[PDB]
Amino acid sequence: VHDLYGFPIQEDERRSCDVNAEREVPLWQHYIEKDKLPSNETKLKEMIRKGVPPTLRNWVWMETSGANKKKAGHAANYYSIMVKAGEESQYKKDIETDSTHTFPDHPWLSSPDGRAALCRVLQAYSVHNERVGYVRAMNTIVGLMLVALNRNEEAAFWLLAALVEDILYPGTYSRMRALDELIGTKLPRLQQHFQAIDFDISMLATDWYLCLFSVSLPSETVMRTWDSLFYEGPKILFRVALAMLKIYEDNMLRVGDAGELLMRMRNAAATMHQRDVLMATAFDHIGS
């Protein structure tokens with residue numbers, strides 16, 4: 001069985017999320033029809049928190065992330081100049097090799113055209129922003145961006161720029177405080193438990209953060225995190241991370257070994273299909 005975006009992958013969880021998405025359709029249709037997002041920022045934040053329709057993610061993400069504004073502030077041939085320039089990126093080979101073990105099973109991303117597209121975007125970005133260059137985390141991010149953006153490489157390039165340059169803090173990709181605090185405040189049983197087994201949350205959440213959940217969660221669940229990330233900013237990362245720990249807390253407390261807990265939570269995270277409950281839990285304000 002595959003998900004919406006074609007990744008092979010509870011069935012009730014996904015049906016519930018699809019039916020709830022269907023409820024929002026007439027509201028979103030009104031806006032794309034008028035070719036304008038809601039003026040009311042409170043209303044817009046609420047809508048985005050409930051999930052952008054997949055078919056509108058290019059429309060909404062590219063605007064709320066600021067990628068449209070960045071694109072428009074460069075010449076129209078800019079991406080193509082960067083693609084050509086990236087042909088001699090210092091990172092070309094690393095980018096290529098990092099693709100021999102990412103997306104093994106996606107039918108298009110594992111195709112020659114999909115590999116080439118992903119490489120073009122990353123090599124382009126690596127010369128555009130030489131200070132950042134390329135890091136492995138960006139491979140699966142751009143891969144999911146390509147799939148969510150209907151294989152639009154230039155869109156993916158400008159969304160990646162918005163993310164790295166404007167949304168994430170500077171230095172994110174150069175050579176957790178919040179989450180550990182939140183665990184101690186909101187999940188005191190879990191904190192005692194992590195201390196007792198000497199579990200370092202950064203072993204789990206490092207990839208969560210650097211890869212923006214893209215190697216951790218089912219793709220449709222990831223995109224809901226991205227919906228709010230591209231509108232509200234990077235606090236979404238620790239809010240969703242805490243929500244994951246809240247949701248699987250009962251599960252973790254019965255595991256008496258740090259390595260075991262890591263494997264079990266990675267398995268749990270990989271089948272987190274209830275994207276509605278994940279986001280609603282991330283924003284619930286329980287404990288405030």
# chains A, B, ... in the order shown; residues from 1 in each chain; ligands from 1
>>> residues_around(residues="residue 151 in chain A", least_positions_apart="5", cutoff="9 Å", atoms="only C-alpha atoms", output="list in words")
residues 114, 117, 145, 146 and 156 of chain A
>>> write_last_selection(atoms="N, CA, C and O atoms", output="mmCIF file, in the first residue's frame")
data_model
loop_
_atom_site.group_PDB
_atom_site.id
_atom_site.type_symbol
_atom_site.label_atom_id
_atom_site.label_comp_id
_atom_site.auth_asym_id
_atom_site.auth_seq_id
_atom_site.Cartn_x
_atom_site.Cartn_y
_atom_site.Cartn_z
ATOM 1 N N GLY A 114 14.131 11.458 -11.209
ATOM 2 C CA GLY A 114 13.965 11.945 -9.840
ATOM 3 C C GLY A 114 15.285 12.212 -9.117
ATOM 4 O O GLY A 114 15.446 13.224 -8.424
ATOM 5 N N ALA A 117 16.748 15.383 -10.814
ATOM 6 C CA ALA A 117 16.043 16.574 -10.347
ATOM 7 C C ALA A 117 16.476 16.980 -8.958
ATOM 8 O O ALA A 117 16.774 18.134 -8.693
ATOM 9 N N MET A 145 10.122 17.934 -0.690
ATOM 10 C CA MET A 145 9.658 19.158 -1.311
ATOM 11 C C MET A 145 9.287 18.904 -2.775
ATOM 12 O O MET A 145 8.220 19.327 -3.229
ATOM 13 N N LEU A 146 10.154 18.196 -3.495
ATOM 14 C CA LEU A 146 9.859 17.874 -4.898
ATOM 15 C C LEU A 146 8.513 17.146 -5.046
ATOM 16 O O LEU A 146 7.693 17.501 -5.877
ATOM 17 N N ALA A 156 10.992 24.146 -5.480
ATOM 18 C CA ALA A 156 11.697 23.476 -4.397
ATOM 19 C C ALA A 156 12.961 24.235 -4.026
ATOM 20 O O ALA A 156 13.259 24.423 -2.856
#
>>> select_by_dssp(residues="range 130-216 of chain A", states="alpha helix (DSSP H)", output="JSON, numbers by chain")
{"A": [137, 138, 139, 140, 141, 142, 143, 144, 145, 146, 147, 148, 153, 154, 155, 156, 157, 158, 159, 160, 161, 162, 177, 178, 179, 180, 181, 182, 183, 184, 185, 186, 188, 189, 190, 191, 192, 193, 194, 195, 196, 197, 202, 203, 204, 205, 206, 207, 208, 209, 210]}
>>> residues_around(residues="residue 184 in chain A", least_positions_apart="2", cutoff="12 Å", atoms="only C-alpha atoms", output="VMD selection string")
chain A and resid 177 to 182 186 to 195 201 242 245 to 246 287
>>> write_last_selection(atoms="C-alpha atoms", output="PDB file, in the first residue's frame")
ATOM      1  CA  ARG A 177      17.147  23.006  25.111  1.00  0.00           C
ATOM      2  CA  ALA A 178      13.499  23.732  24.618  1.00  0.00           C
ATOM      3  CA  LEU A 179      12.476  20.116  24.174  1.00  0.00           C
ATOM      4  CA  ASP A 180      14.316  18.911  27.310  1.00  0.00           C
ATOM      5  CA  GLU A 181      12.644  21.704  29.298  1.00  0.00           C
ATOM      6  CA  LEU A 182       9.273  20.840  27.871  1.00  0.00           C
ATOM      7  CA  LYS A 186       4.954  18.602  30.599  1.00  0.00           C
ATOM      8  CA  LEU A 187       6.127  15.002  30.845  1.00  0.00           C
ATOM      9  CA  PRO A 188       7.782  14.663  34.263  1.00  0.00           C
ATOM     10  CA  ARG A 189       7.380  10.850  34.257  1.00  0.00           C
ATOM     11  CA  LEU A 190       9.228  10.750  31.001  1.00  0.00           C
ATOM     12  CA  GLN A 191      12.071  12.959  32.285  1.00  0.00           C
ATOM     13  CA  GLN A 192      12.643  10.749  35.335  1.00  0.00           C
ATOM     14  CA  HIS A 193      12.606   7.809  32.987  1.00  0.00           C
ATOM     15  CA  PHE A 194      15.080   9.319  30.545  1.00  0.00           C
ATOM     16  CA  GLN A 195      17.397  10.141  33.456  1.00  0.00           C
ATOM     17  CA  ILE A 201      16.718  12.968  23.603  1.00  0.00           C
ATOM     18  CA  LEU A 242       7.069  17.304  22.362  1.00  0.00           C
ATOM     19  CA  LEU A 245       6.801  12.283  23.152  1.00  0.00           C
ATOM     20  CA  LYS A 246       3.439  12.987  24.802  1.00  0.00           C
ATOM     21  CA  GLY A 287       0.465  22.361  30.925  1.00  0.00           C
TER      22      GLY A 287
END
>>> residues_around(residues="range 161-165 of chain A", least_positions_apart="6", cutoff="8 Å", atoms="only C-alpha atoms", output="compact mmCIF listing (two decimals) with C-alpha atoms, in the first residue's frame")
# COMPACT_ATOMS: atom_id res chain seq x y z
CA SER A 65 7.38 30.86 3.44
CA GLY A 66 8.37 33.99 1.60
CA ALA A 67 9.82 31.96 -1.28
CA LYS A 70 12.68 35.76 -2.83
CA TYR A 125 21.47 25.62 -3.77
CA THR A 172 21.24 25.31 11.66
CA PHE A 230 6.30 27.50 6.67
>>> residues_around(residues="residue 63 in chain A", least_positions_apart="5", cutoff="12 Å", atoms="only C-alpha atoms", output="VMD selection string")
chain A and resid 35 to 37 56 to 58 68 to 72 155 158 to 159 162 227 230 to 231
>>> atom_distance(atom1="CA of residue 265 in chain A", atom2="CA of residue 247 in chain A")
10.8 Å
>>> residues_around(residues="residue 141 in chain A", least_positions_apart="6", cutoff="9 Å", atoms="only C-alpha atoms", output="list in words")
residues 160, 211, 212, 213, 214 and 215 of chain A
>>> write_last_selection(atoms="C-alpha atoms", output="compact mmCIF listing (two decimals), in the first residue's frame")
# COMPACT_ATOMS: atom_id res chain seq x y z
CA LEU A 160 14.66 25.52 0.41
CA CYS A 211 15.59 16.66 8.52
CA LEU A 212 12.37 18.40 9.51
CA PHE A 213 10.85 14.98 10.29
CA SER A 214 11.33 13.87 6.70
CA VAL A 215 13.21 10.64 7.59
>>> closest_residue(among="A:108, A:286, A:118, A:268", to="residue 83 in chain A", atoms="only C-alpha atoms")
A:118
>>> residues_around(residues="residue 139 in chain A", least_positions_apart="6", cutoff="8 Å", atoms="only C-alpha atoms", output="number ranges by chain")
A: 95, 98-99, 102, 118, 122
>>> closest_residue(among="A:271, A:206, A:55, A:16", to="residue 29 in chain A", atoms="only C-alpha atoms")
A:55
>>> atom_distance(atom1="CA of residue 4 in chain A", atom2="CA of residue 222 in chain A")
12.1 Å
>>> closest_residue(among="A:5, A:209, A:103, A:248", to="residue 225 in chain A", atoms="only C-alpha atoms")
A:209
>>> closest_residue(among="A:202, A:89, A:20, A:64", to="residue 166 in chain A", atoms="only C-alpha atoms")
A:64
>>> closest_residue(among="A:273, A:235, A:23, A:106", to="residue 220 in chain A", atoms="only C-alpha atoms")
A:273
>>> atom_distance(atom1="CA of residue 87 in chain A", atom2="CA of residue 121 in chain A")
10.7 Å
